[PDB]
2 protein chains.
Amino acid sequence: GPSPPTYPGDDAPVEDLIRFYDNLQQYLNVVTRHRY
Amino acid sequence: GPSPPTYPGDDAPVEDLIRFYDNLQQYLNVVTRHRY
């Protein structure tokens, strides 16, 4: 199962945003596997 | 200025997650321009 990406906010440090990016990228790699 | 990506949640429909992905991708394209 894909992990739920934790979102601290948009005011959060960009490294946290990057971490979310990677987690969401993996999340979509799982969910939207060759879809959308 | 980069737009603050709205996060409805991880239980939200994946199309909303994809939208966040694009907005966050653009956000990082602005912020982390050839950085991190």
# chains A, B, ... in the order shown; residues from 1 in each chain; ligands from 1
call {"tool": "interface_residues", "arguments": {"of": "chain B", "to": "chain A", "cutoff": "7 Å", "atoms": "only C-alpha atoms", "output": "PyMOL selection string"}}
result
chain B and resi 4-5+10
call {"tool": "write_last_selection", "arguments": {"atoms": "N, CA, C and O atoms", "output": "short mmCIF file (atom, residue, chain, number, x, y, z; two decimals), in the first residue's frame"}}
result
data_model
loop_
_atom_site.label_atom_id
_atom_site.label_comp_id
_atom_site.auth_asym_id
_atom_site.auth_seq_id
_atom_site.Cartn_x
_atom_site.Cartn_y
_atom_site.Cartn_z
N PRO B 4 0.56 28.74 -3.62
CA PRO B 4 0.42 27.79 -2.51
C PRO B 4 -0.51 26.63 -2.88
O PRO B 4 -1.72 26.82 -3.05
N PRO B 5 0.03 25.41 -3.02
CA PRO B 5 -0.75 24.24 -3.43
C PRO B 5 -1.72 23.79 -2.34
O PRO B 5 -1.31 23.47 -1.22
N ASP B 10 -5.06 12.89 1.74
CA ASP B 10 -4.55 11.70 1.07
C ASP B 10 -5.69 10.77 0.69
O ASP B 10 -5.55 9.91 -0.18
#
call {"tool": "select_by_dssp", "arguments": {"residues": "chain A", "states": "alpha helix (DSSP H)", "output": "list in words"}}
result
residues 14, 15, 16, 17, 18, 19, 20, 21, 22, 23, 24, 25, 26, 27, 28, 29, 30 and 31 of chain A
